[PDB]
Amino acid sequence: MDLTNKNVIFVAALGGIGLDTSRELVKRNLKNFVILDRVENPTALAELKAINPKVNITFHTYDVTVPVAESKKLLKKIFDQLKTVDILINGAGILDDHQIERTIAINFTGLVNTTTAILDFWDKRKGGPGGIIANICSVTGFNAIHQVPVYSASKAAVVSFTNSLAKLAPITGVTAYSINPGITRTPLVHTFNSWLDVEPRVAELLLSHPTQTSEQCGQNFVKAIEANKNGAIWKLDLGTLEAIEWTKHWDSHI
């Protein structure tokens, strides 16, 4: 995929991983880069524009926990402006296992709903042009951090959902792949709520081990987008990009 002159919507572009990905995206000379996020960040937007003034950068406030009809309304506004969208990147996430409902609503339901909404515009069965979805999941969707079991289970859900989208591309015209960071250091310093406080020190304990920077992650993220491989399960860990082979434990035969 050559990102030059493409139109990209990125939900949650302005977070720790998001902003370093966005810096690399705008270097790739997009036509339009449309950032949807829960809170404004006007300085980040200006930083991005300064990297490549040719890119048209727009922002819309967006909370992925709104109903699907509300997402459709916002997407309509964007499609009526841009006419075409080439790639949707769904990057929203929280980690807080004291917030069970909200974890699931943001990390899983909200990603499914944004996806369902954009299919109104893209599905080839309704006369749409098809499209490409990149979902930020997590290595915890392969193997949990069991001390944050709700977070990890929410990410297993979207790893699954993304695999399924990719298998539906012959029907819908929409391809998809997952982007699964390992532990990635950003400008922020975190502490996490574990489920029922089984482990108050998850952030500290993770950082005892080798990790990667958000710059490394962001570089490999854009490399994965450029590879444009339907059904890939990309691991972005320890500064490398690696496609994972999903184990076949069971087959529906359909």
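From 1 onward, residues are counted along the sequence shown. The term rigid core refers to the most C-alpha atoms you can superpose between the two forms while keeping them within 1.5 Å.
Greater C-alpha displacement in 5 other deposited structures of this protein (rigid core superposition, RMS over structures and residues), of 135-143 versus 178-186: 178-186. Superposing the other copies on the rigid core and comparing 58-66 to 190-198, farther C-alpha placement in 5 other deposited structures of this protein marks 190-198.
The question of which stretch, 145-153 or 80-88, has the higher mean Cα B factor is settled in favour of 80-88.
Stretches compared: 29-37, 65-73. Higher mean C-alpha B-factor in the entry: 65-73. Based on the entry's C-alpha B-factors, the most elevated value among 220, 212, 228, 191 belongs to 191. Residue set 170, 181, 110, 93: peak C-alpha B-factor at 170 (per PDB entry). Annotation for residue 121: CA B-factor lies in the highest third of the chain's modelled residues. For residue 203, the recorded CA temperature factor ranks within the middle third of the chain's modelled residues.
When all modelled residues of the chain are sorted by CA temperature factor, residue 44 is found within the highest third.
Split the chain's modelled residues into thirds by C-alpha temperature factor. Residue 163 is in the middle one. In this PDB entry, residue 14 carries a Cα temperature factor that places it within the highest third of its chain's modelled residues.
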